[PDB]
């Protein structure tokens, strides 16, 4: 009732204007993605381009905070998520046939527009992607299609969790264990009402059954693996952090209090990459105190087993009265992907046509 919701016209407007920016930046990055291109440069180019487009809009309103809601992340092949390298980490260079996931977020007055898309580097004109890339992309895309049709008022998060497994299984792929699609609110990317992928027995017990309601907003995030689908750390350095507002702890230092002060000014409660910090070695230091006492929440770089592919589609959807209204999406082309398998289940075939 105090809360600013998509029940209000001005809020739909901010969501729609960040959505349009998220869609433009994503597409620009996909067009710039070819053999020999630096991932570091695409992460920099996206974060810069988010800032510049947020710069040009709502100029009359000089108090409104706007920018990055999720820093541009570029996770290739069996890498799951959250790769925004530092100027001094090893870079990754896109090879032909590389499977690329681009993930990013934009906000306007704290209303968050999250988008992620998967494609293949320099697919030869007149060909189709085939084999396990085709199987896992096709599968993740149909998972996003089933969620667009199931995440609506009156349905339960559990029905989406199950639809996802039957769809992914149809391609002998596997939704990554325990990943979460969060409810969004003003200034909150990580709402506690969630959809869980492919939960274990522990995760199924600890995760809360919920019913979607009109006026809620979700960042639906589909991550599907060609393999077993349990992501592991593999000592890549975490660059992406979020401040956790739920945690106080006075910091016994000078640098730490000073780094965690630039995190609050420049970013408040949104995720940020350690690369966005002018002076690298100084940020690398101010993080350790903060991260161990949980004031910052890490976004770790997880990997599936070498040779396997992970595909991603993330879209932000507003549960408007008239029906779910999608405000971000990638330039997916269904005809580019040939799989030898399809969905055989009659209920899911009919749902995906609906």
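Numbering follows the first chain given and starts at 1.
Peer 1: If you average the CA temperature factors as listed in the entry, which stretch comes out higher, 201 to 209 or 220 to 228?
Peer 2: Averaged over C-alpha atoms, the B-factors run higher in 201 to 209.
Peer 1: If you average the CA temperature factors over each stretch, which comes out higher, 53 to 61 or 283 to 291?
Peer 2: Going by the record's values, the stretch with the higher mean is 283 to 291.
Peer 1: Going by the entry, which of 100, 108, 276, 168 has the most elevated CA B factor?
Peer 2: Checking the PDB record, the top C-alpha B-factor among 100, 108, 276, 168 is at 276.
Peer 1: Can you tell me which of 149, 132, 252, 185 has the maximum CA B-factor listed in the PDB entry?
Peer 2: That would be 252, according to the entry.
Peer 1: Quick check on the deposited entry: does the C-alpha B-factor of residue 241 sit in the lowest, middle or highest third of its chain?
Peer 2: As the PDB entry reports it, the C-alpha B-factor of residue 241 lands in the middle third of its chain.
Peer 1: By its CA B factor, does residue 69 count among the lowest, middle or highest third of the modelled residues in the chain?
Peer 2: It falls in the middle third of the chain.
Peer 1: For the chain shown, is the CA B-factor of residue 127 in the lowest, middle or highest third of its modelled residues?
Peer 2: Highest third, going by the recorded CA B-factors of the chain.
Peer 1: Check where residue 296 lands among this chain's C-alpha B-factors and tell me if it's the lowest, middle or highest third.
Peer 2: Answer is highest: the recorded C-alpha B-factor places it there.
Peer 1: Can you work out whether the C-alpha temperature factor of residue 161 puts it in the lowest, middle or highest third of the chain?
Peer 2: According to the entry, residue 161 has a C-alpha B-factor in the chain's lowest third.
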